[PDB]
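Engineer: got an experimental structure here, sequence first:
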Amino acid sequence: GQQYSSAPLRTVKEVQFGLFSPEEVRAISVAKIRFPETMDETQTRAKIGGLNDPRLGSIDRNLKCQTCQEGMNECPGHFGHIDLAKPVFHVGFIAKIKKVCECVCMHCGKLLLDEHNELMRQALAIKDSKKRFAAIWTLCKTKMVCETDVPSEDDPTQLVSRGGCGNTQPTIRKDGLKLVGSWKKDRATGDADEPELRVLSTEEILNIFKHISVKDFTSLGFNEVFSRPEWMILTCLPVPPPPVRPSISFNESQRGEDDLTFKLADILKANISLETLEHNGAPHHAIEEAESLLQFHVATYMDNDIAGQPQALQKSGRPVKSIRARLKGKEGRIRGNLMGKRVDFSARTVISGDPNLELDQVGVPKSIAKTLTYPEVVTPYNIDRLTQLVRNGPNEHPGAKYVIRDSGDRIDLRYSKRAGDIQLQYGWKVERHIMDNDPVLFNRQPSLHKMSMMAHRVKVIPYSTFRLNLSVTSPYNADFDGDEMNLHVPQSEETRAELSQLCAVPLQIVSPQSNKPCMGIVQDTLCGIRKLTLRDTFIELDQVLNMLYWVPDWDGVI
Amino acid sequence: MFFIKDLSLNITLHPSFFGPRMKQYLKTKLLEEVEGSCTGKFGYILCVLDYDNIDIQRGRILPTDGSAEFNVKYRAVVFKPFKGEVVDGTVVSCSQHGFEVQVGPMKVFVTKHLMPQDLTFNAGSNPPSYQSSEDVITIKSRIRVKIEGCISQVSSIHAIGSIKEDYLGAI
Amino acid sequence: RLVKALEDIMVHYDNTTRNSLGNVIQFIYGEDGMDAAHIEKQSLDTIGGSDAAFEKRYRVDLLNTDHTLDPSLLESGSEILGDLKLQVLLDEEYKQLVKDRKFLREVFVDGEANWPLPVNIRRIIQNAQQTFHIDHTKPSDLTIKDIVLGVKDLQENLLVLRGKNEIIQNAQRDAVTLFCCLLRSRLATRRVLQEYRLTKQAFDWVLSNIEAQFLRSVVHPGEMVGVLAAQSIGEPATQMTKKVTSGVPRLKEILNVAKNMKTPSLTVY
Amino acid sequence: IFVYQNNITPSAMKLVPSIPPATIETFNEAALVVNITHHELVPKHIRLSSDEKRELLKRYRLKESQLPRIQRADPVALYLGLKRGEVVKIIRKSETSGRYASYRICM
Amino acid sequence: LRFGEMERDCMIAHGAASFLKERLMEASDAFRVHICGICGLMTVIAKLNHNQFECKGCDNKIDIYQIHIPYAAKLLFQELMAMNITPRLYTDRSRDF
Amino acid sequence: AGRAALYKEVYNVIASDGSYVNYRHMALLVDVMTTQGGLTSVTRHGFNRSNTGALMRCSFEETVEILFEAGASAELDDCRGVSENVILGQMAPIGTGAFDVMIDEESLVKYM
Amino acid sequence: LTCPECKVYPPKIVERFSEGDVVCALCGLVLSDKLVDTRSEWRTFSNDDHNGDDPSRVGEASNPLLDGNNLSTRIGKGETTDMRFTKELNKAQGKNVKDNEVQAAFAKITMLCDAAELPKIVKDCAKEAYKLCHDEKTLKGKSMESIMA
Amino acid sequence: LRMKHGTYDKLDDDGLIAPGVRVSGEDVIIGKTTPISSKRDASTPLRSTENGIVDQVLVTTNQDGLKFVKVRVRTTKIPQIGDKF
Amino acid sequence: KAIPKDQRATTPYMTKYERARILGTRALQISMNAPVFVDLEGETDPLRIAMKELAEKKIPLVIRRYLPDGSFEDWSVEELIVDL
Amino acid sequence: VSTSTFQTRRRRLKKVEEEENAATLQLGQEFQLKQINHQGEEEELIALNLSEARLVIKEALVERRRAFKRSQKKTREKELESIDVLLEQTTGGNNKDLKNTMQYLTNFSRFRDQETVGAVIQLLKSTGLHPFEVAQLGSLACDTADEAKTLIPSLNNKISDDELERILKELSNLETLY
RNA sequence: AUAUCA
Ligand SMILES: [Mg+2]
Ligand SMILES: [Zn+2]
Ligand SMILES: [Zn+2]
Ligand SMILES: [Zn+2]
Ligand SMILES: [Zn+2]
C-alpha cells in the first residue's frame, strides 16, 4: 500500500493559476544545482551534489530523500533551482511581455494613456480581466510618447499635468527570443529618416516592469499577489525532480537520461559559461553572443517546436522532447493520461453471438473470469462462502486470488504457505473471481453513444469469446466478422449499484436519442418471425409442446 | 486578557461508532483533542464551555472509506499571552540567570538583567533567591511581570519579562 | 467538438439547464421539461379536419334535441336536456377546444397532427377498456360535471415546475400548454361518452394514470443533457454517406459558423 | 430618432451622446422599408421594467452574468431601443410545449 | 485497457459519477500528496512517521492537508511549476455564486 | 431568428440522411451557440474561448497556450466542470454526484 | 527485500511480473505492488524513432564508461527554420569550446578500425585504452600517432 | 537477481532447452545473465499466452563474432471459436 | 444558505440518481458491517438488503439538494416518493 | 486535524504582514474587537479578568458533571481542594494546564462571589474602554491612576486621571475580604 | 516508424 499520514484529507475546490516569483522559486527549492553532471562522482555509482539529487528527489529503490526518506512510492519529488546569469524570456510570453512594453513607458514605467483619455477610461472600465487588457493595448500601442501634461477634463487650452517623463517610446518588434526597439527621434523636426536601433535587454524590461504601479499593472491582466508582470521574465529556473524526468541505469556502460536532463545540462553549461564571461573582462559583443545562447537553451527546453528558431536536436537526429510537447497532443498528458487512461480490471476479446443468452447478460470466458477480481468485504453474510472460494484458490473456477487483512498487507493465495489454513476476519477483503450475475461494463469502441457502454450480468462460459445476445448488437454497433469488445469490472458496492441501477441493458432499450427503442428483433429471429406468422403456417401437437416448454415463464397452459 | 472564543473542530468517526452513543463519543473525542491543547493562533484552549449545547451538525460520509466527518462547532475559554501584558504570578524556579514565573497555564522567565541592579543572586540559600536592599525573591514569592515577548513552542507558549520598570516586581 | 462544447451542461434541481458557470442555456429542458425516453409520437386530433367534422366530434348542445347526448350514452341523458346551468359548462368546454384549434394551427403551420408528447393517452383508454371490460352498449354513470371538471382538475396536477410565484407559476402553465391541448382533445365530453364509452371508475382510473405517467415523464435533476445532446447528434453524423452542400461537409460548415459557405441560397416566397 | 437617407457625417455623429440624460438614435431609412419584427422567424420580445428584471433574477437566483444575452446592435434590440442592462422576455412557439419563454439581457 | 476520452463521455452521459471516479482513480492512477494551506503547493515535507509536517518558505508546520489526486495530475502540477506557472490547490472556496 | 435558422439548418442535415434526432438535442446545441448573443462556433475559437475553467478549455485543442495565458492572467478555476474533477480524480458533480448524502442521528435513533 | 513475517536467510522470493507483484514464495505475503516493465521502459531511451513522432520516446541512451557524463544537444535545422539563427547559435557555441576536442581522436580510432576491417567491440576497447593512457605521465611524450596505434 | 517465476529446469547446462522438450507459458527457453558487480537475470521466457514443443535450436556467431542462438517453437493450431475465415 | 422545510420547491419524488446513490451508499455501509435497520428475511446481498431498507423507508439518510446558487434543500429518504 | 475559527479571510498566495502583537491594543487577527459567533452575528471580543474567568470555568465544569452523571443513568485553600476534586471528575486529567490555571485563578482572583463580579463588570463596562483594558483593570490591583496607566499603557488618554482614580477606589471597595 | 484489424 501507501502509509498513513495524520494530515487531513480534503478535496480540491479551486485552482489558482499564476506565475512563479523568482523569490518563491528560490524559496521552494531544496537544491542549488551547480553542475551539468548527472551522477558519477567521477566514475562512481552515486548521484552528484549538483544535478539530479544534489539534495533532491530519490530514485533507484533507495530511501535517501533528504530526511523525508520514504522513497519512490511515497516521495513526490521536490524541486531544485538554477540561478541564471542574465534574465531570459519565458518563450510562452515573450508576446505578453512585448505587449506590456507597448502599453507602458520604457523609462518611467507608467501607462501611456490614463483617466484623462476618454477611450481609455472606457476600456479601463471593462470588467473582463482579458478583454480590458486587450482594449488597453490597441489604444496604448499607438501612443509613442510619455506625456507630462494632457488637456484638462474640461478645457484643451489649460493642460493639466499627469505623471512626468517626456521620453519617446520605441517601436518594438521581435527578432525571435529578442525584442528590438526603433525610437521615433526628433533631429531638425523630421528624423526618422534613420532612427535609434537597439535591442531591449531583459534587465531593462525587468526594471520597467518592477516600476509599473500596482494600480496600473492591475488594470492590465496582472494580480499583485499571484502574477506581477515582473515574474514573466525568467531569473531563477525551477528544476524539476527525477519523477518528471526519470533516469535508467541499464548495464554499467549503458545508462539512459531523459531529454530534459540533457536540455538542463545545456542550460547549465551555457549558464556557467556566461557567468564566467561577465565576471571576467566583459567583451560586450561576446557576452550578448553567449546570452542569446542561454536564451535559446532555456526557451527550447519549455518549447522545442518554435516558429523561426532551429530545433534543439539530440545526437540521433531526433528533436528534444520539450515540456510543451509532453502536454500537447492527443497522447499528451492531458488527452492521454488524465482525460483518458488505460486501466486495471479491464479485459478484451473477440465477440460472438448467442441465441441462448438473456438480453442483459454477457458470456465471459472462464480464463477472463479467473483473472478479473472483485474485492469483497468479509461479513457475517458471506464469511462461509468467501472462506470456500479462498479454499478453492486461484486455479479452480469459483475461487479467489488475494486476501486483504486489516493490517493493509496483501496475501497472495497463489504462493502463501498459509493459503490453506487461512482464517478470515470480519472486515478483511477477499479478492474473488468474477462470478455469474456480477454487474460489468461492456463496451464496443468507438463509443459515440451512452449505449456503447452498458451494464451486463456475468455468465461464466467456456471458449475464448465474449458472447452477447443478438438484439444488443445494434446499440454497440457490433457484428462477429472479427470485432473485439471491452469489459470493465466495478470494485465497490457503490460502483456496482451505479451500473445495475443506471446503465443496465434493459434500462437502455428505449433511448432518448430518438425517443424510441434502440434494440429490436434481428436476422434469424426477424426472418423466422414472418415465416412463423403467415396464415398458411400451422404447427402439429408434438412441436407445439417443445415450442411451449421453450418459453421460460410459460403458465403450463396448453 | 483570557478570552472566550468560538471555535470548530472536524472529527472523523469510524462506522463502528454509528450507534446511539454517537453524539456522546463525538462530544468526548472533541474534549480529548481540544481541551488542554495549545496553539499559536489561539493560545491555551483550557476549558470547553456549554457541554450540553455542543453543535455536532450532520456528518458527511467520506466516499471510498466508511467514516463520517463532522465539523463540531464549540465555544471555549482560552489564554493567549501578549508582549506588553502585565501579569501577576508565582516564582517557580530561580537561578544565576533569572527566575521563572507561573502565570496560569504558562511560565514567564525574568533575566538577571531584566530586573533592577540592586536585586542580586544569592546561591547561598535554600532555595536560591534574589536579594534586594529591601526585597527577597524566591520559589514561593508573588511577582508582577511585564511580558517583553512570547515564543510559540509546540504544546506551550513561553515568554521573557521584566520587573525593571515602575510598579513591577514583588507584591 | 460537440462533446467538449456541451460536457458541463446538465438539468439542475430548479429544472434549469446550466453550464459550469451556472449560466442558463435553456430555462426548462428541451422547452417542455420532459425526459426524451418518456415521449411518443401522438396525434393532436383538434388540429385538422373540416370545421364541420370537428363540430360533430366535439360539440354537445343540451339545448337542442338533435345535438344533445342521447340517453343511451349516459344515465342522466333524459334529465340533462335543456339544462342551462350545465350548458354553460359545455360552452366553456367547446370554446376552449376551438381556442386550442386556432393555437395549434399557429404552432404547426402545415397542420401536422403527429407530434412527440409524453403520456400515450390512446393506450390508457385502450387499457381502461380491457381493464374495466367496457360494455359498448349500456349507458355511462358519468355526469357532465364528472368529465368537464375532472379534466380541469387533472390539469392543475400536471407538475413540471413547483415554485410559489407568478414567474415560476406562469412558467409551469407554459411548459404544460401543448400537452393539455392534446389532453382536452382526447378527453372532451362527447369523445369520452360516444367514442370511449367510459364508466365513472374507468374515467377516474384514466385520469390518475395520465397524472402518474406525466409525472414519471419529467427530466431528472442530474441528467447530463449536455453530453446526451452531443452524442445524440454525433452518433447519427457517423452514419452519413436545387443541389446544395449537405450531410457531413454541411454539418462541418454549420458547426464552424463558416463565413464563406459553399452553396449560399435565398428561398423567395 | 433620426431617420437618414444615405449617411450622417462623422462630424454630425459626434453630437449624438452630447446631450444626456436624453438619448439619440440613428436609423437608415433603407433598413426600415421592411419591418423585420413581422418576419416568421422573429418572436415577441418584451422589455422588462427595473422591478420586473429584479424579480426575474430573484426568481431564478441569477447574476446578470448567467442570463442569455441580446447584443446592443441586434436588429430587435435596435427596434426596441434597448439600453445596456435592459432585459427582454422572448415568447416563442414550441413543438415541444406550445409556448416557451426565454430571457435576454442587453449588451 | 484504455478507458479513454469517449468512454469518460458515456459515463458522464449515464450520470455514473462514482463509477467514473473509480475508473480514473482506484482502477488506475490514484495517489496521495500533502499540500500547504497558505500557498496551495505540493511543497510539504511530510515526514509521516515522526508526524512532522512543515512547508518551509511558508514556515507552516500547522496549516497542512492531504489530498487524493491521480499521480498524472501530481505530475502535471509539478510540470506546470517547472515551467514557472503556479497551480495553487485550495481546500476551501472564496468566490461563492 | 439566428437560432431558428441555425436549428432549421441542423435539422435538415440529419433528416436529409433520413435520420431522426429528438428536438431537444438539436435545440440545446443551437441554444449554446446562441446564448452569448451571437454565433459562438463549436471550434477552438468559439466555445473554448469562453469564461469556463482553464483546465476544461485546455482539454480540447489549445492545451499549453491556454495554460500559459491562464498563468499570466492569474485565472482561478472553480472546478465545477466535469473536466476539472476528472483531471483531479474526484467525484464529478454530475447525476449521482449532483447532490450530497447525510446520516441523520434523529431518524437513525427513530429506527431500532 | 526480505519477508518481514518469515525471515529465512536465503530469502526465497519471486517476481510475479504478470500480476505486477513481488511475493514471498514461502508465506505468500506481497512485498511490493508497484512494478515496472524494464524492457518497455528502456524502449523509451533506445527506440527506432528517428523521425520524432513517438510520444513514448522521451529520452536518450548514453555511454558513461567511454565519454563520462557529457549531456549535450546540438543546434540544428527544424521544419520551420531560418538558416540565419542556426549559424549564430552555432557560432556562439564556438566561443564556449581542448580535451573536449581530443575526443576526435576516437574518430581516428574508428576510421582506423574500419580501414583495418575491425569489429565494433575492438573500437570500444581501443577507445577505452586511449582514454585511460593519453594523459599519463608514464607515457609523457611518446609519438601521439603511435600511442593510439 | 530478479529471476523469472517461470521454471528453469528445462535448460541444459549450456542454457538452452534441447529440441523435443515440450514447453509451456512463462517457461525459460534461453538462460542468460548480465554480470554486474552477483549477476542479474537476462533470460528469455516463452510468451505467456502460448505453448508447444521446441522444433529446432541453433547456435551461431555473427559478422563480428558475437555468440547468438535461435530457438524455433512448433504448435498445432486447431480451429476454435473466435477463429476468422 | 439552506432553504427552510416550509420553503422547499424541488421534486417531492426521488431522482433516478438519488435512488441509485442511496442504494449504493447503504449497500456499501451494510457491506462494511454497518447496523441494518430492517429484518433481513434471509437476505445476504447488501444491495438486496439496501433495496429492502428503502422499500420500508427505514434508511436514515438525507439528500442535500444543491441549487446552482449554492443554497440547498435537505430531503429525507423516508419523505421522498419512490415512483421509479 | 486542528481547530479553526469564524474568521474566514482568504490569504491567497500573499503571505504576511503578520504585524506584531503589543498592548497598543494590537492583538492578533483572532483577538480582534469585531468577532462573529456561530450564529453569524457580529459580537464583541470576550475578555475575562481572572475571577470572571475562575467563575466561568467552575460553572462549565459544574454543569458538565451534571450531564456526565445524567448520561450515566441508563475559603480559597478550601476552594482549591473543592476544584481539584471537580477536575478529577470532569477533566481528562492529562490536561494539567487547566489544573494550574484553576489553582492560579483561585489564588489570584480579586472577587470571590458572583454578585461581586457582577458590579465589577457593570462599573467597568461603561468606560467605553476596550475589552483588554476592562479585563486588566479588573485583574490588576492599582492605587495611583498612574499605577494603572503605567501597567495598562493603552489607557493613557482614554480616561481622566481622576475618573480612573474614582474607579480604582470603587474597585478596592469591592475586593472580597479573603 | 511501417503493416494491419473492426
Ligand atoms: Mg465488424
Ligand atoms: Zn522527499
Ligand atoms: Zn515616462
Ligand atoms: Zn506553502
Ligand atoms: Zn514470507
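Structural biologist: Structure received. Numbers count the residues shown, from 1 in each chain, chains lettered A, B, ... in the order given. Ligands and ions are numbered 1, 2, ... in the order given.

Engineer: all helices for the stretch 51-200 of chain A, in order.
Structural biologist: For the stretch 51-200 of chain A, the helices defined by DSSP state H, counting those that start in this stretch cover A:94-103, A:118-125, A:129-140.

Engineer: list the helices and strands the longest one packs on?
Structural biologist: What that stands for is helix A:129-140. In this structure, helix A:129-140 packs against helix A:94-103, helix A:118-125, with contacts taken as 3 or more Cβ pairs under 8 Å, 6 or more residues apart in numbering or on different chains; DSSP states H and E. All C-beta spots, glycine's among them, are computed from the backbone N, C-alpha and C.

Engineer: so is the first one next to chain F?
Structural biologist: Yes - under the criterion of Cβ under 8 Å from any Cβ of the partner chain, chain F is reached by helix A:94-103 at residue A:96.

Engineer: CA atoms of that helix as CSV?
Structural biologist: Extracted as CSV, the C-alpha positions of helix A:94-103 are listed here (Å, rounded to 0.1, in the frame of the first residue of the first chain):
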residue,chain,number,x,y,z
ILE,A,94,7.5,36.7,-24.9
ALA,A,95,4.4,38.3,-26.6
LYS,A,96,2.6,39.3,-23.4
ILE,A,97,6.0,40.9,-22.3
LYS,A,98,6.2,42.7,-25.7
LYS,A,99,2.6,43.9,-25.3
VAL,A,100,3.2,45.2,-21.8
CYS,A,101,6.2,47.2,-23.0
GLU,A,102,3.9,48.5,-25.8
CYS,A,103,1.5,49.7,-23.1
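
Engineer: most tightly surrounded among the helices and strands packed on helix A:129-140?
Structural biologist: Highest mean neighbour count among those (mean count of other Cβ atoms under 10 Å in any protein chain shown): helix A:94-103, with a mean of 20.

Engineer: contact partners for the nearest residue to residue A:13 once chain neighbours are set aside?
Structural biologist: In space, and not counting its chain neighbours, residue A:13 is closest to residue E:93: 5.0 Å by Cβ to Cβ, 6 or more residues apart in numbering or on different chains. The contact partners of residue E:93, taken as Cβ atoms under 8 Å, 6 or more residues apart in numbering or on different chains, are A:13, A:14, F:78.

Engineer: so which strand or helix has residue E:93?
Structural biologist: Following DSSP states H and E, one finds residue E:93 outside all helices and strands.

Engineer: also residue I:65?
Structural biologist: Using DSSP H and E, the element containing residue I:65 is strand I:61-66.

Engineer: partner strands of that strand, parallel or antiparallel?
Structural biologist: strand F:100-103 (antiparallel), strand I:72-76 (antiparallel) (DSSP bridges).

Engineer: out of those strands, which comes closest to ligand 2?
Structural biologist: Closest to ligand 2 of these, according to Cβ to the ion: strand F:100-103, at 35.5 Å.

Engineer: residue contacts, the nearest residue to residue E:15 once chain neighbours are set aside?
Structural biologist: In space, and not counting its chain neighbours, residue E:15 is closest to residue F:95: 2.0 Å by Cβ to Cβ, 6+ apart. For residue F:95, the contacting residues are A:502, C:10, C:222, C:223, C:224, E:14, E:15, E:16, E:17, I:16, I:17, by Cβ under 8 Å, 6+ apart.

Engineer: mind giving me the packing neighbours of the helix or strand containing the last one?
Structural biologist: I take that to be residue I:17. Here residue I:17 sits within helix I:16-31, counting by DSSP H and E. The contact analysis (3+ Cβ pairs under 8 Å, 6+ apart) places helix I:16-31 against helix A:493-502, strand F:100-103, helix I:46-55, strand I:61-66.

Engineer: show me the contact partners of the last one.
Structural biologist: So that's strand I:61-66. Contact with strand I:61-66 is made by B:58, C:13, C:221, F:98-104, F:107, I:10, I:14, I:18, I:22, I:25-26, I:72-77, I:80, as judged by Cβ under 8 Å, 6+ apart.

Engineer: which residues in chain E form strands?
Structural biologist: For chain E, strands defined by DSSP state E occupy the ranges E:2-3, E:30-36, E:64-70, E:88-90.

Engineer: just send the ones you listed back as CSV, with mean neighbour count and distance to residue F:42 too.
Structural biologist: Converted to CSV, the strands of chain E look like this (neighbours: other Cβ atoms under 10 Å in any protein chain shown; distance: least, Cβ to Cβ, whole Å):
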stretch, mean neighbour count, distance to residue F:42
strand E:2-3, 20, 25
strand E:30-36, 21, 33
strand E:64-70, 22, 28
strand E:88-90, 23, 31
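
Engineer: out of those strands, which comes closest to chain B?
Structural biologist: strand E:64-70 (8.0 Å; Cβ to the nearest Cβ).

Engineer: on that earlier part again, which of the contacts of residue F:95 fall in helices?
Structural biologist: Of the contacts of residue F:95, the ones assigned to helices by DSSP state H are A:502, E:14, E:17, I:16, I:17.

Engineer: so which strand or helix has the nearest residue to residue H:74 once chain neighbours are set aside?
Structural biologist: Leaving aside its chain neighbours, residue H:74 sits nearest to residue H:55 (4.0 Å; criterion: Cβ to Cβ, 6+ apart). For residue H:55, the host element (DSSP H and E) is strand H:53-61.

Engineer: packing partners for the helix or strand just after that strand?
Structural biologist: Note on strand H:53-61: by DSSP H and E, the next helix or strand toward the C-terminus is strand H:67-74. Secondary-structure packing of strand H:67-74 (3+ Cβ pairs under 8 Å, 6+ apart): strand H:28-30, strand H:53-61.

Engineer: many thanks, we can stop here.
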